[PDB]
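For the numbers below, each heavy atom of this structure counts, side chains included, while hydrogens, waters and symmetry mates do not. FYI, the numbering just counts along the sequence from 1. Indexing begins at 1, ligand by ligand and atom by atom, following the structure's order.
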Amino acid sequence: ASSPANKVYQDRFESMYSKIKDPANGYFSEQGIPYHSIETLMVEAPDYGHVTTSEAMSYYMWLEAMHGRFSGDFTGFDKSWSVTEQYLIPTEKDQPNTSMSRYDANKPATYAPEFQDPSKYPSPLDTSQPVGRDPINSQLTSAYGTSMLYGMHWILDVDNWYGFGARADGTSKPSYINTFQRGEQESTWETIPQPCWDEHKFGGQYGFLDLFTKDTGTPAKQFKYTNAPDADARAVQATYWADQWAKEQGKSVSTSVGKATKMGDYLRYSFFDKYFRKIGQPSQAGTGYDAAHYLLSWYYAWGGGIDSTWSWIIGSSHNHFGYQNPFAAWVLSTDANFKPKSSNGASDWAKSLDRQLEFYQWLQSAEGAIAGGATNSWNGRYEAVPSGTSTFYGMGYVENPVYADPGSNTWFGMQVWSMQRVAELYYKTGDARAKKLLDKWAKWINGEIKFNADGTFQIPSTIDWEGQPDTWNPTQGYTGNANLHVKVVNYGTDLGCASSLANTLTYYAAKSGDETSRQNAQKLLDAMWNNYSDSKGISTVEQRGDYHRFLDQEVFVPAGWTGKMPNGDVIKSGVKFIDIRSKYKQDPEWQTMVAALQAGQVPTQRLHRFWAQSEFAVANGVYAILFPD
Ligand SMILES: [Ca+2]
Ligand SMILES: [Mg+2]
């Protein structure tokens, strides 16, 4: 039998759950897939509101798990996994085993440099540059009997708004697409949306392939998918809780546990350097596990031929603290119900758990906030790490890993999303490393929360950094990083971040007994419920400072390259963001947004992001369970 939960906050979860699942609110497509946001005029990570991400799917799982805890019904949770497997994990038709089975573990892929400006692409493939060996592929094929990978592709065109369709048919939905391809300076506004399955039917002469990679001969028809490790790790985290809550009620989600465990087994590909180069000695090809940094890197990707048999797989050299998940690592390495079928699955995750906690501590600033991360590929070309640059196991410190437009660690959100997982670990195991991290971080954040007399509040929004951490010495440990400082540039009322913060403070308070954290967590939840509730969940008016880029952001296209988007939009040098997305002009909010820009004003919006609504719902549920009285 489940333990008693705080009635007030449980009702708040149930109310939010009803608003999110309400057919009249439009959070989901006809196929049952959650959108990034209800509103369509939306540009953040995705460049259209009805395009979805693996992040959203993992939040959908978390939401349904919590619903199972209070209702006793877990069919909704099992359904979230069914939708995930059907639409976000490439099927046998999307990643033909005929090509995947030709994968060569001794030559995983062909090296191509990364550049600091989109105008430097396409990047030339170089078969003469070293590439290490993949030590886990044999483990996976042996355990699962297939060469296909079981992981979520990160972004999906849910209602086929771009027109690529499924496997080049241009009419089916949902449609697998990808955007980011050209380095740290390619913002969401500077991409050229492309299909994952490229048969050269759309775009240019050879599809969109020669916009990104330059090969010796003619570009072959091929497919390619890209994973978002933090999303897959959250799916494991959510499934663990679903399993625990189901068992407390004599229920079972066995089938879903198996899927999560398999996903976690494949997620290990994010532990490796992009081209399997040795960690700390980037110029040398790895011989196996010496190319594993054991952290959840920015991605792992794979692809292969469509009309010819061949395939490749790559990990990632760039690591961001915001993507780590010590809780998922603990689950996969210690819980017997979640033990990966592969020979080294559980043991690799054990090593990752320890490495991840070292990573967090190394990045903890003098104040308490966690800094960016590190990379094993300086400038994305394995260049020499400048002297004086601090390192972590040979990897150079990087203030804003992977992206600089805007800086990947200038958003407060990464702080709460990641520390929330550390709080769950600390609550479950009382781990000393986790406690030390949280004690300092919590003291920092509790001093940055501002409550107004009218019931509204503010928390850090944009942050900046100065200095770097001291080089990591595993035997020395935390030095305090007196020369690493965080600075809060401005405050805001981001309801998604506030909910994640409340969640984090609740788990921490529950275990540590810190009253300051508990009352702040409750005050945030109450303030949002009482002052920001609407018929669709919660929301507030926010300024969209980058929306001017809709009209004035030029998109780079190589000289002489021309093509067309499915709707006829011409792609050629000189086009702006809007020129290759002309359907945006038919959006109900278009005229309003354009009017604002024409008057020299910053557009404003009231947005209902799926992850934010779910985050708030879950935070209420977590408080109800940990503080029943
Ligand atoms: Ca840029
Ligand atoms: Mg990613």
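- Panel note: side chain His50, backbone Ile38; a donor-acceptor pair is recorded below 3.5 Å.
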Going through the checks in order, is the ring pair (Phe, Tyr, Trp, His ring centres under 6.0 Å) test met by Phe164 and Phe202?
CA-CA 7 Å; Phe164 296 120; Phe202 302 103; 5.8 Å; yes
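- For the atom pair CZ (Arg268) and CH2 (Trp349), the distance works out to 9.0 Å, reported to the nearest 0.5 Å.
- By the side chain to side chain donor-acceptor pair (under 3.5 Å) test, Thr226 pairs with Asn178, sequence neighbours left out.
- Within a radius of less than 3.0 Å around the Ca ion (ligand 1), the protein N, O or S atoms are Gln185 O, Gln185 OE1, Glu190 OE1, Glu190 OE2, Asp405 OD2.
- Checking side-chain atoms of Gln468 against main-chain N and O of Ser390 turns up a donor-acceptor pair under 3.5 Å.
- The aromatic rings of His608 and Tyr27 lie perpendicular to each other, with more than 60° between the two planes, well past the 30° mark.
- If you put the vertex on the Mg ion (ligand 2), O of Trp298 and OH of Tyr323 sit 110° apart, to the nearest 10°.
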